[PDB]
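In: Show me the folded form of this:
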Amino acid sequence: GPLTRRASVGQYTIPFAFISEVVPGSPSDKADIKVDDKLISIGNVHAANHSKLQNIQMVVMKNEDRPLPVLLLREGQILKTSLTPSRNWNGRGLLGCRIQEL
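Out: Numbering: from 1, shown residues only. Structure data below:
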């Protein structure tokens, strides 16, 4: 994550899962998610409240066809993207990636 800087004039950070596979053409692929990304948040689900991942399947089903915010750690950088869970692609389920706990 970012190094500490002095406060200046002018957010989840804790990884909890990782992405081990991404099906080409899936919603996860379209969201620019990559193998080995670490998941920091998906919708309202983050390290403190994912309930051993069960809250993810619920959140993605409820958000079918609607964009969800995703925070991930890639190569040490926190990236913000969005994923639209959907069935309309050539594969199984709403996501097309495998998400496992760290």
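In: Could you pick out the longest helix of the protein?
Out: Longest among the helix segments of the chain by residue count, using DSSP state H, is helix 54-62.
In: got the CA positions of that helix in PDB?
Out: Provided in PDB are the C-alpha atoms of helix 54-62 (Å, rounded to 0.1, in the frame of the first residue of the first chain):
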ATOM      1  CA  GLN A  54     -20.200 -16.000   1.800                       C
ATOM      2  CA  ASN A  55     -21.200 -12.400   1.500                       C
ATOM      3  CA  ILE A  56     -19.600 -12.200  -1.900                       C
ATOM      4  CA  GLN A  57     -21.900 -14.600  -3.700                       C
ATOM      5  CA  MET A  58     -24.900 -12.800  -2.100                       C
ATOM      6  CA  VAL A  59     -23.700  -9.300  -3.100                       C
ATOM      7  CA  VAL A  60     -22.900 -10.300  -6.700                       C
ATOM      8  CA  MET A  61     -26.300 -12.000  -7.200                       C
ATOM      9  CA  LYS A  62     -28.100  -9.000  -5.800                       C
END
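In: buried residues in stretch 95-102?
Out: By neighbour count on 16 or more other C-beta atoms under 10 Å, the buried set for stretch 95-102 is 95-97, 99. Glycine gets a C-beta too; all of them are placed from N, C-alpha and C.
In: how about the nearest residue to residue 64 once chain neighbours are set aside, what does it touch?
Out: Leaving out its chain neighbours, the residue that sits closest to residue 64 by C-beta to C-beta, 6 or more residues apart in numbering is residue 85, at 5.2 Å. Residue 85 is in contact with 27, 60-61, 63-66, 68, 94-95, counting by C-beta atoms under 8 Å, 6 or more residues apart in numbering.
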